[PDB]
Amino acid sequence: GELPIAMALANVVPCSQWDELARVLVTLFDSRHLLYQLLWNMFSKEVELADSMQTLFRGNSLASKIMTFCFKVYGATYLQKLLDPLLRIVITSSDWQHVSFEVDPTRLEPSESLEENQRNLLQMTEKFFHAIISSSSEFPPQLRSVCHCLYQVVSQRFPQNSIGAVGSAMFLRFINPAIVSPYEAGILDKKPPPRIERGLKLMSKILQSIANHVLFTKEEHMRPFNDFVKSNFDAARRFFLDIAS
């Protein structure tokens, strides 16, 4: 019926129009209560073709476009309720000692202390990380099924990377874009001050490192956070397992 028609026509849309294709596909099949079946087929098509996890969802990936659309339309209420109280705390903090997150030594003011800013950044990252992994009871049910469907499909072929795939997707395509740009995400009514934006971006880099199970090896100034990253791998996996199994 509807699924083979949609699969065949999806080939015809050039990748430049895939944002619109993902919207229309999800909208069409959700209104027919067939969203799980759409995701199973779209995910399986790509997963069955890949020979390794490193080559899955790379480049133009209609499955990836569909997933980021689902996060946006099914996860807005959850995201706003989760991040807004946290962002309001860091935005209204009165500690001017605890007000800088600059941890790149080449950008550091002589007035500020690198080790203090590192600790400041780590404390914010801990509050955000702990809130995220404590939020499973509030996760939207339709988004839970999106993540479970991805987990089940990937597990048929790459069982040892199926939970990492959910975890990476949820931070990369859902949580971290909103932390980095909370105003444009519609969570805040005002863009945060630049010192705060700097901290939000650096924290999101640490959260993504935890979510992806990769240590910092590129930027020199990020490696000091590798011990914090390692210490949170297991809690992150337990959270992803709760959401995806």
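Heads up: residue numbers just count along the shown sequence, starting at 1.
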### Message
Please compare 46 to 54 with 62 to 70 and name the stretch with the higher mean C-alpha B-factor in the deposited structure.
### Response
46 to 54
### Task
Between 89, 175, 166, 103, let me know which has the highest C-alpha B-factor in the entry?
89
### Summary
The residue of 187, 202, 179, 210 with the maximal C-alpha B-factor according to the PDB record is 187
## Note on the structure
The third of the chain into which the C-alpha temperature factor of residue 98 falls is the highest
#### Entry: CA B-factor placement of residue 241, once the chain's modelled residues are sorted into thirds
middle
## Note on the structure
residue 3: CA temperature factor from the record, placed by chain third, in the highest
### residue 230 - Cα temperature factor, lowest/middle/highest third of chain
highest
#### Entry: For residue 33, the third of its chain into which the C-alpha B factor falls
highest
